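So this one's model-v2.csv, CSV, C-alpha atoms:
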chain,number,residue,atom,x,y,z
A,29,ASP,CA,94.7,121.2,83.3
A,30,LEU,CA,95.4,119.8,86.8
A,31,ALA,CA,98.4,118.1,85.2
A,32,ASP,CA,99.9,121.5,84.6
A,33,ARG,CA,99.9,122.4,88.3
A,34,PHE,CA,101.5,119.1,89.2
A,35,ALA,CA,104.2,119.7,86.6
A,36,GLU,CA,104.5,123.2,88.0
A,37,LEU,CA,105.1,121.9,91.5
A,38,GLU,CA,107.7,119.5,90.1
A,39,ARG,CA,109.6,122.5,88.8
A,40,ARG,CA,109.5,124.4,92.1
A,41,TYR,CA,111.0,121.6,94.2
A,42,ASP,CA,113.2,119.7,91.7
A,43,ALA,CA,111.2,116.5,92.2
A,44,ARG,CA,109.1,113.9,90.5
A,45,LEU,CA,105.5,113.8,91.6
A,46,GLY,CA,103.1,110.8,91.6
A,47,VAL,CA,99.4,111.2,92.5
A,48,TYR,CA,96.5,108.9,92.2
A,49,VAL,CA,92.9,109.3,93.5
A,50,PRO,CA,90.6,106.4,92.6
A,51,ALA,CA,87.5,107.4,90.7
A,52,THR,CA,84.1,107.4,92.5
A,53,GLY,CA,80.6,107.6,91.2
A,54,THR,CA,80.7,111.4,90.9
A,55,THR,CA,84.3,112.2,90.3
A,56,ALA,CA,86.9,111.1,87.6
A,57,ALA,CA,90.2,109.5,88.6
A,58,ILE,CA,93.1,111.9,89.2
A,59,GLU,CA,96.3,110.6,87.6
A,60,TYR,CA,99.8,112.1,87.4
A,61,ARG,CA,102.6,109.7,86.9
A,62,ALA,CA,100.2,107.2,88.4
A,63,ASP,CA,101.6,104.1,86.8
A,64,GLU,CA,105.3,104.9,87.5
A,65,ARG,CA,107.3,103.0,90.1
A,66,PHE,CA,108.1,104.8,93.4
A,67,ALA,CA,109.9,103.4,96.4
A,68,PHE,CA,107.8,102.0,99.3
A,69,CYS,CA,109.8,103.3,102.3
A,70,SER,CA,107.7,103.2,105.4
A,71,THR,CA,104.5,103.0,103.3
A,72,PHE,CA,104.3,99.2,103.6
A,73,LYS,CA,103.9,99.4,107.4
A,74,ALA,CA,100.1,99.9,106.9
A,75,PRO,CA,99.3,96.9,104.7
A,76,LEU,CA,101.8,94.9,106.8
A,77,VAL,CA,99.7,95.3,109.9
A,78,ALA,CA,96.7,94.2,107.9
A,79,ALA,CA,98.7,91.1,106.7
A,80,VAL,CA,99.4,89.9,110.3
A,81,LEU,CA,95.7,90.7,111.2
A,82,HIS,CA,94.7,88.7,108.1
A,83,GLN,CA,96.4,85.4,108.9
A,84,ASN,CA,96.0,85.4,112.7
A,85,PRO,CA,93.1,85.7,115.2
A,86,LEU,CA,92.8,88.6,117.5
A,87,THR,CA,94.3,86.8,120.5
A,88,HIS,CA,97.6,86.5,118.6
A,89,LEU,CA,98.2,90.2,119.4
A,90,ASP,CA,98.9,89.2,123.0
A,91,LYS,CA,102.0,87.1,122.2
A,92,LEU,CA,105.1,88.7,123.7
A,93,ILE,CA,108.2,89.1,121.5
A,94,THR,CA,111.6,89.5,123.0
A,95,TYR,CA,114.6,91.0,121.2
A,96,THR,CA,118.1,92.2,121.9
A,97,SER,CA,119.8,95.6,121.5
A,98,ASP,CA,121.6,94.2,118.4
A,99,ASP,CA,118.2,94.0,116.6
A,100,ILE,CA,117.6,97.7,116.8
A,101,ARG,CA,119.1,99.1,113.5
A,102,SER,CA,116.6,101.9,112.4
A,103,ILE,CA,114.4,104.7,113.8
A,104,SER,CA,112.7,103.0,116.7
A,105,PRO,CA,111.4,105.4,119.3
A,106,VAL,CA,109.3,102.8,121.1
A,107,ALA,CA,111.5,99.6,120.7
A,108,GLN,CA,114.5,101.3,122.2
A,109,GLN,CA,112.6,101.5,125.6
A,110,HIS,CA,111.5,97.9,125.9
A,111,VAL,CA,114.7,95.9,125.2
A,112,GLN,CA,114.5,94.3,128.7
A,113,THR,CA,110.8,93.8,129.0
A,114,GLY,CA,109.9,92.9,125.4
A,115,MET,CA,106.9,93.9,123.4
A,116,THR,CA,103.8,92.1,122.4
A,117,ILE,CA,102.6,91.7,118.8
A,118,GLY,CA,99.8,94.2,119.6
A,119,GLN,CA,102.2,96.8,120.9
A,120,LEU,CA,104.4,96.2,117.8
A,121,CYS,CA,101.5,97.0,115.5
A,122,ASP,CA,100.7,100.2,117.5
A,123,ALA,CA,104.3,101.3,117.4
A,124,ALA,CA,104.8,100.4,113.7
A,125,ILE,CA,102.0,102.6,112.5
A,126,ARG,CA,101.5,105.4,115.0
A,127,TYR,CA,105.3,106.0,115.4
A,128,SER,CA,106.7,104.5,112.2
A,129,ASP,CA,108.9,102.2,114.4
A,130,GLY,CA,111.4,100.5,112.1
A,131,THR,CA,112.3,97.7,114.6
A,132,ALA,CA,108.6,96.7,115.1
A,133,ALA,CA,108.3,96.6,111.3
A,134,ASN,CA,111.1,94.1,110.9
A,135,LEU,CA,109.7,91.9,113.8
A,136,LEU,CA,106.3,91.9,112.1
A,137,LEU,CA,108.0,90.7,108.9
A,138,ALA,CA,109.5,87.8,110.8
A,139,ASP,CA,106.1,87.0,112.3
A,140,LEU,CA,104.9,86.6,108.7
A,141,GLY,CA,107.6,84.0,108.2
A,142,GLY,CA,108.9,82.5,105.0
A,143,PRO,CA,112.0,83.2,102.8
A,144,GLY,CA,113.7,86.6,102.9
A,145,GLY,CA,112.5,87.4,106.4
A,146,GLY,CA,108.9,87.7,105.3
A,147,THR,CA,109.3,89.8,102.1
A,148,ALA,CA,108.0,87.0,100.0
A,149,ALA,CA,105.0,86.5,102.3
A,150,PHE,CA,104.2,90.2,102.2
A,151,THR,CA,104.4,90.4,98.4
A,152,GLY,CA,102.2,87.3,98.3
A,153,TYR,CA,99.7,89.2,100.4
A,154,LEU,CA,99.6,92.1,98.0
A,155,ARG,CA,99.0,89.7,95.1
A,156,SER,CA,95.9,88.3,96.9
A,157,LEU,CA,94.5,91.9,96.8
A,158,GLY,CA,95.0,92.2,93.0
A,159,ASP,CA,98.4,94.1,93.1
A,160,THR,CA,100.6,92.4,90.5
A,161,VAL,CA,103.1,95.3,90.4
A,162,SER,CA,104.4,96.1,93.9
A,163,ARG,CA,107.1,94.1,95.6
A,164,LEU,CA,109.1,94.2,98.8
A,165,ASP,CA,112.6,92.7,98.7
A,166,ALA,CA,114.5,94.0,101.8
A,167,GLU,CA,114.0,94.9,105.4
A,168,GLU,CA,114.6,98.0,107.4
A,169,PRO,CA,116.6,100.1,106.9
A,170,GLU,CA,117.9,98.8,103.5
A,171,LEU,CA,114.5,99.2,101.7
A,172,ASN,CA,114.9,103.0,101.6
A,173,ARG,CA,118.3,102.8,99.8
A,174,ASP,CA,117.6,101.2,96.4
A,175,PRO,CA,119.0,103.4,93.5
A,176,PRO,CA,116.7,105.2,91.1
A,177,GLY,CA,115.4,102.9,88.3
A,178,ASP,CA,115.7,99.8,90.4
A,179,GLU,CA,112.4,97.9,90.6
A,180,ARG,CA,113.0,96.4,94.1
A,181,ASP,CA,110.9,97.6,97.0
A,182,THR,CA,108.7,99.7,94.6
A,183,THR,CA,105.0,100.5,94.2
A,184,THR,CA,103.0,103.0,92.1
A,185,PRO,CA,100.4,105.5,93.2
A,186,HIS,CA,97.9,103.6,91.1
A,187,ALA,CA,98.7,100.3,92.9
A,188,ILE,CA,99.1,101.3,96.5
A,189,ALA,CA,96.0,103.5,96.4
A,190,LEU,CA,93.8,100.6,95.3
A,191,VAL,CA,95.3,98.4,98.0
A,192,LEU,CA,94.6,101.0,100.7
A,193,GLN,CA,91.0,101.3,99.3
A,194,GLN,CA,90.2,97.6,100.1
A,195,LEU,CA,91.8,97.7,103.5
A,196,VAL,CA,89.9,100.7,104.9
A,197,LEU,CA,86.8,101.2,102.6
A,198,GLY,CA,86.6,97.6,101.2
A,199,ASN,CA,86.2,94.1,102.6
A,200,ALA,CA,89.8,93.0,102.8
A,201,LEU,CA,89.5,92.7,106.6
A,202,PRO,CA,86.6,91.8,108.9
A,203,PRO,CA,85.1,94.7,110.7
A,204,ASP,CA,86.7,94.1,114.1
A,205,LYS,CA,90.2,94.0,112.6
A,206,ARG,CA,89.4,96.8,110.2
A,207,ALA,CA,88.6,99.0,113.2
A,208,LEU,CA,92.0,98.4,114.8
A,209,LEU,CA,93.9,99.3,111.6
A,210,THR,CA,91.9,102.5,111.0
A,211,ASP,CA,92.2,103.6,114.6
A,212,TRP,CA,96.0,103.3,114.6
A,213,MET,CA,96.2,105.2,111.3
A,214,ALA,CA,93.9,107.8,112.9
A,215,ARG,CA,96.3,108.3,115.8
A,216,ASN,CA,99.4,108.7,113.7
A,217,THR,CA,101.9,111.2,114.9
A,218,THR,CA,104.2,111.6,111.9
A,219,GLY,CA,102.0,113.1,109.2
A,220,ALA,CA,101.1,116.4,110.6
A,221,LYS,CA,102.9,118.4,107.9
A,222,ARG,CA,102.0,116.5,104.8
A,223,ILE,CA,98.6,115.5,103.5
A,224,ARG,CA,97.0,116.5,106.7
A,225,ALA,CA,98.4,120.0,106.3
A,226,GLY,CA,97.0,120.4,102.8
A,227,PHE,CA,93.3,119.7,103.7
A,228,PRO,CA,91.0,122.0,105.7
A,229,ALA,CA,90.5,121.1,109.3
A,230,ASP,CA,86.9,120.0,108.9
A,231,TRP,CA,88.2,117.1,106.7
A,232,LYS,CA,89.0,114.0,108.7
A,233,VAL,CA,92.4,112.6,107.7
A,234,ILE,CA,94.1,109.3,108.5
A,235,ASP,CA,97.5,108.6,106.9
A,236,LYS,CA,100.8,106.6,106.9
A,237,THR,CA,104.0,108.4,105.9
A,238,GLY,CA,107.2,107.2,104.3
A,239,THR,CA,110.7,108.7,104.0
A,240,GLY,CA,114.0,107.6,102.6
A,241,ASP,CA,117.1,108.6,100.8
A,242,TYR,CA,117.2,110.4,97.4
A,243,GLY,CA,114.7,112.9,98.8
A,244,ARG,CA,112.0,110.3,98.9
A,245,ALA,CA,108.8,111.3,100.8
A,246,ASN,CA,105.5,109.5,100.5
A,247,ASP,CA,102.1,109.8,102.2
A,248,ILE,CA,99.0,107.6,101.7
A,249,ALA,CA,95.8,108.7,103.2
A,250,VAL,CA,92.0,108.2,103.4
A,251,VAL,CA,90.1,111.5,103.7
A,252,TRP,CA,86.5,112.3,104.6
A,253,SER,CA,84.7,115.4,103.4
A,254,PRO,CA,82.7,117.5,105.8
A,255,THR,CA,79.6,115.7,104.6
A,256,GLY,CA,81.2,112.2,105.0
A,257,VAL,CA,82.3,111.2,101.5
A,258,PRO,CA,85.5,109.1,101.5
A,259,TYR,CA,88.4,109.4,99.1
A,260,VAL,CA,91.8,107.7,98.8
A,261,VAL,CA,94.8,109.9,98.1
A,262,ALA,CA,98.2,108.6,97.2
A,263,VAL,CA,101.0,111.2,97.0
A,264,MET,CA,104.6,110.1,96.4
A,265,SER,CA,107.8,112.0,95.5
A,266,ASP,CA,111.5,111.6,95.1
A,267,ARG,CA,114.5,113.9,94.2
A,268,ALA,CA,116.9,111.6,92.4
A,269,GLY,CA,118.7,114.5,90.7
A,270,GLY,CA,120.2,115.5,94.0
A,271,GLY,CA,121.9,112.2,94.8
A,272,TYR,CA,121.8,109.9,97.8
A,273,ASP,CA,121.9,112.9,100.2
A,274,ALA,CA,119.0,114.8,98.7
A,275,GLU,CA,116.7,116.1,101.5
A,276,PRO,CA,113.0,115.4,101.2
A,277,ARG,CA,110.5,118.3,100.9
A,278,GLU,CA,107.5,118.0,103.1
A,279,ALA,CA,105.9,121.1,101.7
A,280,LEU,CA,105.6,119.5,98.3
A,281,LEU,CA,103.2,116.8,99.6
A,282,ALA,CA,101.2,119.4,101.5
A,283,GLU,CA,100.9,121.6,98.4
A,284,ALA,CA,99.8,118.8,96.1
A,285,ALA,CA,97.1,117.8,98.7
A,286,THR,CA,95.6,121.3,98.5
A,287,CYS,CA,95.4,120.8,94.7
A,288,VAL,CA,93.4,117.6,95.2
A,289,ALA,CA,91.2,119.2,97.8
A,290,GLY,CA,90.2,121.9,95.4
A,291,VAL,CA,89.1,119.4,92.8
A,292,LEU,CA,87.1,117.2,95.2
A,293,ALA,CA,85.3,120.2,96.6

Is it possible to give me this structure as structure tokens?
Amino acid sequence: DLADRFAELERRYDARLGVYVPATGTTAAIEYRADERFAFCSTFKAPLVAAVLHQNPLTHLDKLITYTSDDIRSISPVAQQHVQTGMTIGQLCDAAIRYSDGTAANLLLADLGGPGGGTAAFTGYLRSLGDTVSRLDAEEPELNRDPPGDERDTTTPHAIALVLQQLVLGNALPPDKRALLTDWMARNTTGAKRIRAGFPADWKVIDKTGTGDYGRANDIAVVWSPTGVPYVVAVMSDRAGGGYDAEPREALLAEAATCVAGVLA
């Protein structure tokens, strides 16, 4: 019966909705278009920070990276201010998650090394977690522009939710590194009107947003009930019917999160 409300929200916004909440000991898994491919957009910037933390010790965050003004080719509120001074790997992680900095994301990919600017290394990291579906193929800002139906730079609510589960609630990272990733996601500034807006204020919310063309708007989050019970929420949406210039609807993600909160209560 919850599937009829999701299909009702799809009618209201002219969108395609993907939702997945992994099942716990007391609740059944919520699925709606869970195993259908959706575009990553900025969603990968959360497991990417975990990938750099995974292959390098904590002192590697102090290595200073220098770049030129020609390297800034996407939304970069922080990288635009340090083209003369440079930015350390640690500040690049903080900028990539808390501000969705596109230039810091591309530099992190080059820090991962390998073919394709690091896209092969990143997909290789996801496979080590058990995700044999998702794949990253391009860098910013091209990874938001793939046409509908293309399998490049895609994930599924089923796949990305289980990856986020291991990184925040699981053992994919040691505790000291797990604390830095969770704290950055906790001080995010770009998700105030999506999943966070659909849950009551006494629920703690950490999230990482994504936005692209074709009206694509994603938000992946970990929420804590007022008692302290954790859940993983993956909400993804696109509006392919409207073309390349379709505007994303933030209210859709906030509404669907209220539907999930009513079930988990």

Sorted by chain and rising residue number, list the residues of stretch 190-237 of chain A at most 12 Å from stretch 269-292 of chain A (counting only C-alpha atoms), each with its closest atom pair and distance in Å to one decimal, as a tab-separated table.
residue	atom	partner	partner_atom	distance
A:218	CA	A:278	CA	11.4
A:219	CA	A:278	CA	9.6
A:220	CA	A:282	CA	9.6
A:221	CA	A:278	CA	6.7
A:222	CA	A:282	CA	4.5
A:223	CA	A:282	CA	5.1
A:224	CA	A:282	CA	7.3
A:225	CA	A:282	CA	5.6
A:226	CA	A:282	CA	4.5
A:227	CA	A:286	CA	5.9
A:228	CA	A:289	CA	8.4
A:229	CA	A:289	CA	11.7
A:230	CA	A:289	CA	11.9
A:231	CA	A:289	CA	9.6
A:233	CA	A:285	CA	11.4
A:237	CA	A:281	CA	10.5

From A:141, A:240, A:114, A:105, residue lying nearest residue A:217 [all atoms listed in the file]: A:105

For residue A:213: contacts at 12 Å, only C-alpha atoms, fewer than 6 positions along chain excluded, given as a PyMOL selection string: chain A and resi 71+73-75+77-78+121-128+192+195-196+206-207+219+232-237+247-251

Distance in Å - atom CA of residue A:201 versus atom CA of residue A:79: 9.3 Å

Nearest to residue A:43 by atom-to-atom distance, counting all atoms listed in the file, from A:115, A:157, A:148, A:245: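 Closest candidate: A:245.
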
Top pick for closest residue to residue A:132, considering A:104, A:110, A:31, A:154 and counting only C-alpha atoms: A:104

Sel. within 12 Å of pt (114.1, 87.4, 102.8), counting all atoms listed in the file, output as a list in words: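 Protein and nucleic acid residues near the point are residues 134, 137, 138, 140, 141, 142, 143, 144, 145, 146, 147, 148, 149, 150, 151, 164, 165, 166, 167, 168 and 171 of chain A.
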
Between atom CA of residue A:239 and atom CA of residue A:177 - distance in Å to one decimal: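 For atom CA of residue A:177 relative to atom CA of residue A:239, the distance reads 17.4 Å.
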
Separation of atom CA of residue A:262 from atom CA of residue A:35 in Å: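 The value is 16.5 Å.
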
Polymer residues at most 12 Å from (117.0, 105.4, 114.9) by all atoms listed in the file, as number ranges by chain: A: 99-108, 127-131, 168-169

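Distances here use only C-alpha atoms; by that measure, the residue among A:82, A:33, A:173, A:65 closest to residue A:153 is A:82.
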
Skipping near chain neighbours, those fewer than 5 positions away, what residues fall within 7 Å of stretch 44-61 of chain A using all atoms listed in the file, listed as a compact mmCIF listing (two decimals) with C-alpha atoms, in the frame of the given file?
# COMPACT_ATOMS: atom_id res chain seq x y z
CA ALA A 31 98.40 118.10 85.20
CA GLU A 38 107.70 119.50 90.10
CA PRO A 185 100.40 105.50 93.20
CA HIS A 186 97.90 103.60 91.10
CA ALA A 189 96.00 103.50 96.40
CA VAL A 260 91.80 107.70 98.80
CA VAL A 261 94.80 109.90 98.10
CA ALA A 262 98.20 108.60 97.20
CA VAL A 263 101.00 111.20 97.00
CA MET A 264 104.60 110.10 96.40
CA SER A 265 107.80 112.00 95.50
CA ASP A 266 111.50 111.60 95.10
CA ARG A 267 114.50 113.90 94.20

Pick from A:117, A:187, A:76, A:69, whichever lies nearest to residue A:89 using only C-alpha atoms: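 Of the candidates, the smallest distance to residue A:89 is held by A:117.
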